[PDB]
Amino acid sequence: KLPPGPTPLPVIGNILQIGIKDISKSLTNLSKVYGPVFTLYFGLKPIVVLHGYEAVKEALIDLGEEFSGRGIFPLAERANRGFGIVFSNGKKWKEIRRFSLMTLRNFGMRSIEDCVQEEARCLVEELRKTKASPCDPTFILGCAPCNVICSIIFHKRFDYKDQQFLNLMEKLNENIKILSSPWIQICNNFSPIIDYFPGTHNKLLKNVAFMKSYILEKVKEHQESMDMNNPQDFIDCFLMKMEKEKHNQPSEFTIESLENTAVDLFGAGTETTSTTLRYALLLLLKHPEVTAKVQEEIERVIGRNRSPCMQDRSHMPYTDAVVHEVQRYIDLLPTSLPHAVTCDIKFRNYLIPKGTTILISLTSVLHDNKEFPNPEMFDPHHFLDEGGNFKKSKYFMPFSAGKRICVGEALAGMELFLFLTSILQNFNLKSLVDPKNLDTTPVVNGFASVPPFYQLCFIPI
């Protein structure tokens, strides 16, 4: 029956072995005793944990349908985000996920690459407006992805210093901070707390309600300026599918599921790329040896004149490896989002019940020691053959794997490559703190490995 694991005390669960400051380390430590597959108690919730590449693959690729559910911790239950993609399950999941994926496979035409590449030219124009005086790249580096997303969801685009984008951005930023908070790790060993005590959980819920409301403005006002014969973004295409569905009659595609899908994409797309850029620049300040080898390639292959394009990546194996190494090293979502099993499933001779939540240690894979010697070192040679050519890796899965893999895997692949090479063709990065001195350590890591405060100067070439 349920796999091995430390015996959980009767209310607190296994909180005293896993702790609250650093879940993914503890999960790594417990695995060194209970093994690849074991069982924790977050209060009274059993959580099967999966550790090796071999255990993670077998579960998500090989029993892919049985592990393709979405485990719901509570905060998400009260946030009220079950319709649409991230937090939904079952049929509603599959219908909306295939639709959403289908409608992102194409933008009007304008290709998504043209959308990104233009946004990289607006980012460069705002790194120009800092007049090389030292800044915190947080709100600039967030506005680039956010714009790309806003263009896809509802067409519009924010001015980089628009006061309305600035709320949304810090609210997204604050929410991820809070979700990685120790206090939120106490809120999951005691789900009643969430409804009776005064803390940061209550603000996260406020902020979530805000974006939800904001998106719903946009979605109402899209319904009127309708025009079947002519839609021009995601929200329109979704409303068209709502009309193409009267045969189905009982929903699948409500406004409520639109409202939600739009906010899943808008938050996930902004904050996760945003955070990844921010840390990239942070790792480039820390390793100027690398930042140079990258800027050589850019000057050699792309000029200093024309926009970089995605065709450039195959002739830039250093820059391709650096971009991979950032995502591997930083380990943005150490334990992915939690899965759940859809039916009862016998797995590695154990038999887990329908519902049982599952954690994928993605750190366990990204920071594998065989596949990646000295995994805790940021080294772009982790992704380069002896020749000096890019080597792919089955162990590079920051977007997860299986049937619930990142819906935006490819869009994000582009946003990183194009925004980073656009910055580094036009700017030298001056750290205003000795590289020997700044630490690159996440300041918290519950949900997400969020980076430290830093500043830098964007000095043109």
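For every residue, the number given is its place in the sequence shown, counted from 1.
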message: I'd like the number of residues from the deposited sequence that lie between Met109 and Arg110 yet are not in the model, binned as none, 1 to 3, 4 to 9, or 10 or more.
response: 1 to 3
- request: Could you check the entry and say whether 242-250 or 119-127 has the higher mean CA B-factor?
  value: 242-250
Greater mean Cα temperature factor according to the PDB record, 9-17 or 444-452: 9-17
query: Looking at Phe42, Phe396, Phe38, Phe427, which has the highest Cα B-factor in the entry?
result: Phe42
message: In terms of recorded Cα temperature factor, pick the maximum from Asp227, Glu325, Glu113, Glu174.
response: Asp227
message: Test of reading the entry: by CA B factor among the chain's modelled residues, which third contains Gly52?
response: highest
statement: Here the Cα B-factor of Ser31, set against its chain, lands in the third termed highest
- request: Pull the Cα B-factor of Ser181 out of the PDB entry and bin it into the chain's lowest, middle or highest third.
  value: lowest
message: Please say which third, lowest, middle or highest, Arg70 falls into when its CA temperature factor is compared across its chain.
response: lowest
query: Thinking about Cα B factors across the chain, which third does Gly355 belong to?
result: highest
